[PDB]
Amino acid sequence: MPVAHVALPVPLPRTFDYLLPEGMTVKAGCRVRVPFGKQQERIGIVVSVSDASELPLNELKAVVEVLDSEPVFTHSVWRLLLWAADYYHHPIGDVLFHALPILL
Amino acid sequence: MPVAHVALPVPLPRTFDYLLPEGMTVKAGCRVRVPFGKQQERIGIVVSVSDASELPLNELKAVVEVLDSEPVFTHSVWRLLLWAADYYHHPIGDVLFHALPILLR
């Protein structure tokens, strides 16, 4: 066939990049709505807020709305969840999203 | 301000899509050399091959080379590796490349 789905020994934090809007300030631990490929919206969690992107800041999928002004995860829980994903080898995303429910 | 690195719920094993040039063929369990970074090389393992990808075929980087005529892992071992990665929520690449040295050695 044409497409090979390959497994790589990829880094630890495999996330996606989205341009933060003007006057729209958000920090890590807060849920946000971002477009997902050829399509419409889908919720996600901000892990980092850098000022550099792997791709041009021109052809970079922008953001939409900030569902939280204050991180749903505490510095405490956050330190703990990121530690669990690293120590026990679980994707950050999976640990974060599967933890949110139990938290609430 | 610019980029906000976001984590999104993703399909079971998060894999990387590559294009297989005309004439090139591979089967699950086989290692391949693939581009990584604007100009680097890296070793990966084919988990599965289908006729579709999130992005259009022409946007996929091509596999550079296949390193295995046949699977490097045993059939059973292979099915168990994919199973454990899904069941215990471990990155498939993490599992596959850590077990390789254990199993072959």
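We name chains A, B, ... by the order of the sequence lines, and we start the count at 1 in each one.
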- A:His90 side chain to B:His89 backbone, donor-acceptor under 3.5 Å: yes

- Message: Are more than 12 heavy atoms, taken from residues, nucleotides or ligands other than B:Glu59, located less than 6.0 Å from that residue's CD atom?
- Response: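 More than 12 heavy atoms, drawn from other residues, nucleotides or ligands, come within 6.0 Å of this atom.
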
- B:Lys61 atom NZ, over 12 foreign heavy atoms within 6.0 Å: yes

First locate atom [atom1] of [X], then atom [atom2] of [Y], and finally report the distance between them rounded to the nearest 0.5 Å.
{"X": "A:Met1", "Y": "B:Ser50", "atom1": "CE", "atom2": "OG", "answer": "6.5 Å"}
{"X": "B:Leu8", "Y": "A:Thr15", "atom1": "CG", "atom2": "OG1", "answer": "8.5 Å"}
{"X": "A:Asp94", "Y": "B:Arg14", "atom1": "CG", "atom2": "CZ", "answer": "9.5 Å"}
{"X": "A:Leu20", "Y": "B:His5", "atom1": "CG", "atom2": "NE2", "answer": "11.0 Å"}

Check whether [X] gets within reach of chain A through its side chain, its backbone, both or neither, counting any heavy atom under 4.5 Å.
{"X": "B:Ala28", "result": "neither"}
{"X": "B:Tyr88", "result": "backbone"}
{"X": "B:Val47", "result": "both"}
{"X": "B:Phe97", "result": "side chain"}
{"X": "B:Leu19", "result": "both"}

Examine whether an atom of [X] lies under 4.5 Å from a heavy atom of chain B, and if so say whether it belongs to the side chain, the backbone or both; otherwise answer neither.
{"X": "A:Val34", "result": "side chain"}
{"X": "A:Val32", "result": "side chain"}
{"X": "A:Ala52", "result": "backbone"}

- Item | Closest-packed option against chain A by number of heavy-atom pairs under 4.5 Å, given B:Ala4, B:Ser53, B:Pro91 | B:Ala4

- Message: With side-chain contact (heavy atoms from CB on, under 4.5 Å) as the test, pick out the partner of A:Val3 among B:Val63, B:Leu55, B:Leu57, B:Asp51.
- Response: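 With A:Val3 as partner, side-chain contact (heavy atoms from CB on, under 4.5 Å) holds for just one option, B:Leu57.
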
- Nearest heavy atoms of A:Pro9 and B:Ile43, plus distance in Å: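 Here A:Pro9 and B:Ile43 meet closest at CD-O, 3.9 Å.
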
- Of the non-hydrogen atoms in B:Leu96 and A:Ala7, which two are nearest, and what is the gap between them?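 Looking at all heavy atoms of both residues, the closest pair is CD1-CB, 4.4 Å.
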
